[PDB]
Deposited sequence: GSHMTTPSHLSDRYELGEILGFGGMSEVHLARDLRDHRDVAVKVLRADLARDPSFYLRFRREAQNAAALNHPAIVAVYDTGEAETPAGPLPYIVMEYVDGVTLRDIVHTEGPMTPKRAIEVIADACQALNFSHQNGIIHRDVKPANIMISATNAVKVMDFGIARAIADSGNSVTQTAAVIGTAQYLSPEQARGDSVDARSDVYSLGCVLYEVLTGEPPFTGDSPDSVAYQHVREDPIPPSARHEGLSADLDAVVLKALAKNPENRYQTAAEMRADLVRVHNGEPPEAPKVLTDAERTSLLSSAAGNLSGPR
């Protein structure tokens, strides 16, 4: 089973760009609008599996279409009839670049200034989203890309364990502060090279989000300041009331640190 060369007589697929647990993402030429796009298609090896097919459809009707320089646009959704059966897809803005998951794996931790810049730009995407009534819900390294021209692109908004917030783990209500906490997880990882919590199972990692304090970034990797510790650990506070309340507030503290000014986050002491 493979993915077809064309979808709906309009998209002509080229190189495979990436994959995840459900989907493959291909560069395509949109023959109708003369545009390069990324087409996210249900995985060919999973496309006949009812659980994955239905999940793909349930998620496509919720994938948020937002218009912002820092957010991957969603152009359309569709489904191709192949000789093996229906193959649903979503057409979106193509990013020529790498995900943060790619970068941390291949290059290790980013310099702190660069991590700060990238996460600060991600805050602006989240801020825009929240203002528009959309919680991201799945902020994680594979959902943030840096393009070949160094622009930050955040993607896959609005679809309801290393990056779960405590409230998601508990099945409580999730709101913008959930995104703040998950972005804190990503920040932690680009800074140290590791997510804040690892374990044998998803459930063990979820348990840690709920009950255990992260080890301060400065203890996990050299060259990280106490000021950065304070920002990261505030984003990762267990109680939503103790985090940054908005993506904008998190960004304001990141900007402070970028400019060598003291963050407003509570100080954190080690040793």
Chain regions without C-alpha coordinates, deposited sequence numbering: 1-3, 164-182, 294-311
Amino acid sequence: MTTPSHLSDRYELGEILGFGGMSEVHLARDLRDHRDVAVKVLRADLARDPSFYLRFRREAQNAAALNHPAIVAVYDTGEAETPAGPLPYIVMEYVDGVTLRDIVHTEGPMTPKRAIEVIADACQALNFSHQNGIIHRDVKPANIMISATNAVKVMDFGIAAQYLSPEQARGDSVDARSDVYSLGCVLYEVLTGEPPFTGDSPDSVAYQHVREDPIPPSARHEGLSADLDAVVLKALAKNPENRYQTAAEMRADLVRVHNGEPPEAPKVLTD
From here on, numbers count along this sequence of modelled residues.
233-241 or 58-66, whichever carries the higher mean Cα B-factor: 58-66
Stretch with the higher entry mean CA B-factor, where the candidates are 105-113 and 173-181: 105-113
Selection by C-alpha B-factor (highest) of 99, 132, 124, 165: 132
Ranked against its chain, the third holding the CA B-factor of residue 138: lowest
Relative C-alpha B-factor of residue 156, binned into the chain's lowest, middle or highest third: lowest
Position of residue 10 among the chain's modelled residues by C-alpha B-factor, lowest, middle or highest third: highest
Modelled-residue ranking by C-alpha temperature factor, third containing residue 84: highest
Residue 145 CA temperature factor, ranked by third within the chain: lowest
